[PDB]
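Below, in structure tokens: the form deposited in one PDB entry, a single chain.
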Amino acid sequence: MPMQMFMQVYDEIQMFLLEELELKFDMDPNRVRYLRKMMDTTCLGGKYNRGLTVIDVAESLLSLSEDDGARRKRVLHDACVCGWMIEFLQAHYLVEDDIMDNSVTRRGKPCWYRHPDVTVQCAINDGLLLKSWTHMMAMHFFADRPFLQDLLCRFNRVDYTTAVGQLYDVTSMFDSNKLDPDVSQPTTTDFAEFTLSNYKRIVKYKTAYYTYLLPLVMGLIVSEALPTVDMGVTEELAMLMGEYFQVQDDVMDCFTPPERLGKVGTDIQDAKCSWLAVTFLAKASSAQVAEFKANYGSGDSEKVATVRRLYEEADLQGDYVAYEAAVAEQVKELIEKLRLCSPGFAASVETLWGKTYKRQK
């Protein structure tokens, strides 16, 4: 049912974008060919839990003041459009992050930039095009909406918020004291920034805002129910669900089959600042830490293998399971807080939690 309309609205959005480029931007059928494949490829093949959340949250707040059925159709189309704004935003960040991250695969398919006819110079701009599309579809559908001003101001703040996250992520293997663009870039070996604290900060901004906070806020917005909700609890949940999601990402990076996964994991190889990495270095012995230091951040045979055994060596899977129960409990008390006043809303956040909490296939 939801996938039904959503995908309808996709076709709607896409028709509008491609057709506008033809009339007003003097584009040839070819470049319009390119751009529709770019869009489909970069914006499709996911489980769309971010756009979808918007629709559910919207529907669940649809009765906050016998009826019509027209309001219903209006709010739920608005919710599909914001939903796709979120998915195009992500698509933008993903295309730019595979380029930044030198990844090779995404979702079973090669990254956009690693497409036979995609050059990275064009890929880079293709990412910008996706972002531009979110503003284009926003003005096209919500020009006459009283909420437009506040929709885009919040949307743009999470855009920004996500870019800051990305600067956090990408400046984490280095000594922040030595973060001066005039000198060279020697990746740390003390791993003194492989901290849980520092971990938490990159993941909150890079992940939690656009993945958990934005779908909910947009959902509220197109439902004219935003102030109906304790933003404090709401923000708490999102920040938390979002930390947990990434940690889930972190572990799946390391121990989930790349076939299963859809991309041979690199984190260890690219020496990222994952949950495993910072959780390991904190509980780890002197010997274990010398050993980690000697087989981290290198594309090897026995090495990554080394770094993978060390993590089981340290029972990171038990630390994890303890994490999840901790998180699962704070999420439960937060949701009941919301339920008091916003029952319908705490219902959709429950539904959100349920697509997070498991997170398996």
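All residue numbers are counted from 1 along the displayed sequence. Here the rigid core means the biggest group of C-alpha atoms that line up within 1.5 Å when the two forms are laid on top of each other.
Form solved in complex with a small molecule: not shown, discussed below.
The small molecule in the deposited complex: within 4.5 Å of a heavy atom of each of 49, 211 and 356?
Yes, because 49, 211 and 356 each have a heavy atom that approaches the small molecule to within 4.5 Å in the deposited complex.
Does the 4.5 Å heavy atom contact test between residue 338 and the small molecule in the deposited complex come out positive?
No, residue 338 stays farther than 4.5 Å from the small molecule in the deposited complex.
I'd like to know if residue 142 sits close to the small molecule in the deposited complex, meaning any non-hydrogen atom pair within 4.5 angstroms.
Because no heavy atom of residue 142 falls inside 4.5 Å of the small molecule in the deposited complex, the answer is no.
Please determine whether residue 352 contacts the small molecule in the deposited complex, using a 4.5 Å cut-off between heavy atoms.
Output for residue 352 is yes: heavy atoms within 4.5 Å of the small molecule.
Wondering, does residue 191 line up within 4.5 Å of the small molecule in the deposited complex on heavy atoms?
No.
For the list 329, 315, 336, 28, which one shows a CA move of 2 Å or more between the shown form and the other one after the core is fit?
If I go through the list carefully, the shifting residue is 28.
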